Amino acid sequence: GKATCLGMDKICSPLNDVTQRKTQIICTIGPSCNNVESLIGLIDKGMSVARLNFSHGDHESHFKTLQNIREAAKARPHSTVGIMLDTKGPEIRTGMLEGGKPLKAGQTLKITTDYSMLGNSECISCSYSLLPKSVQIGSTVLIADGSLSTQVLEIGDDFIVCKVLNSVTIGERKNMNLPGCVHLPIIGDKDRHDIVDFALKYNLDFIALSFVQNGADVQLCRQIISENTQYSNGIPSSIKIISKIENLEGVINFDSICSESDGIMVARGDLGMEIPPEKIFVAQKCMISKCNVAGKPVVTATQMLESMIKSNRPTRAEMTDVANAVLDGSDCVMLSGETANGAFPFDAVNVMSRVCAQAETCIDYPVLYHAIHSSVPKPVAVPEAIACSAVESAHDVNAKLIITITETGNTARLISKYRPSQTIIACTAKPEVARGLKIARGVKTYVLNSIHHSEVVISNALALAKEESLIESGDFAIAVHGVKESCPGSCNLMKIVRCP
């Protein structure tokens, strides 16, 4: 480690201190940060994308929250905020309890498939009616992100009984996992409805597709998008499909899924089920690596600052956990309970940002570039060659910025794949192109009315980047754009400019 020890040589000196975070941040929006004032708070602390978990909320609160995010967005024109719909999918939920939270290690616990039943510390409810017919005796049934472990003793007609293996006092519409076993579709009636009549209807940027198990699941979601063009004038939506790997089937079929998807989302808590706890990091590190090579953005969806749901400070363990997620090659990190129903959403996003910024300094960039550069077969398409020259030139002359003028975001995604030390600024006229880039590592975006006068776009971008403390006068920047006529002809070029 060379870059990591240059980091330690700075820790041992009096001096300024310069770090700008490139890892994108997803914030799960809920009661704790639902209003316009909180969402502006999250944007300032470094929210890249707003996540709506459609496992929670109702028709009314979903619409209200969308309006609040977009009102908060208008109050910060220099920050672009992506909006992600996270599908319910074939999840299984506990039913509601009598009053509040109930369970002691060694006890038996009954689970009924009558959801309309107020549960206690002996009998609880289950949303899955085929629960007895999809379980054997000795089967492990995990509850609440796999915090409560149980073993099935008895299987009835419309119930099961489970031996509790943990002392814990948590409940109320928490998730249930049935490892190795679930006769539910990946994209059900509700999910096809939520995609068409919310994600497509209100022109969202990301569908986080829950429990993806093979390429065909992603092809199905793409078919729904191409078939339902009613809310986009008859042009298929450019909304991005982020496949969530939540089970061993997904891991087995990763190569196919990763290829079909626009991105990948992995959580340690989900893979916990069928894959032994001491093996999960193997799967997570490999899938992230595979994504880095494929040039597909990967999100570490792991809840990594759990202590910050109740505390204003995290633990040292939690910071090391985030740092390793970044060093593993994560494009993007995610806050769940810390933002959605926690006491310190702003502090949680702030901590996540600072740790990410620090972990990014320990990346040996040369090693990483030459690794990815040698993975792509030659010859390549012009944009990918321009992308490489941008990243190479930037390093060679110690530029602080890479600016790309784009109608699609193609060149920005390609530059992001080569993982430069410099912040990427994607200058575009199309807001959905700007929002769509907000899971890509290191991509800030500037939304303009025109991109036709390249000299002016680069001038205005350098000026705005100056006011965002990304660059100073005399510093180098790489500018990248196409020319349509008299280049001669059409072309793509790369300028090494100086910030005035």
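Residue numbers here begin at 1 and follow the sequence given.
According to the PDB entry, the deposited sequence contains 1 to 3 residues between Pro102 and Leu103 that lack coordinates. Per the record, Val376 and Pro377 are directly connected, as no deposited residue between them is missing from the model. As the entry records it, the average C-alpha temperature factor is higher for 450-458, out of 25-33 and 450-458. In this crystal structure, the stretch out of 16-24 and 478-486 whose C-alpha atoms carry the higher mean B factor is 16-24. Residue-level inspection of the entry shows that, of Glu122, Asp396, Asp197, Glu260, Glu122 has the top Cα B-factor. Out of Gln219, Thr428, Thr140, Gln230, it is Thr140 whose C-alpha atom has the highest B-factor in the PDB entry. Per-chain ranking of the deposited C-alpha B factor places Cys5 in the highest third. Among the modelled residues of the chain, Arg192 sits in the middle third by CA temperature factor in this PDB entry. Among the modelled residues of its chain, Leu97 has a C-alpha B-factor that falls in the highest third, as given in the PDB entry. The entry lists a Cα temperature factor for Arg173 that places it in the highest third of the chain's modelled residues. Sorting the modelled residues of the chain by their CA temperature factor places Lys279 in the middle third.
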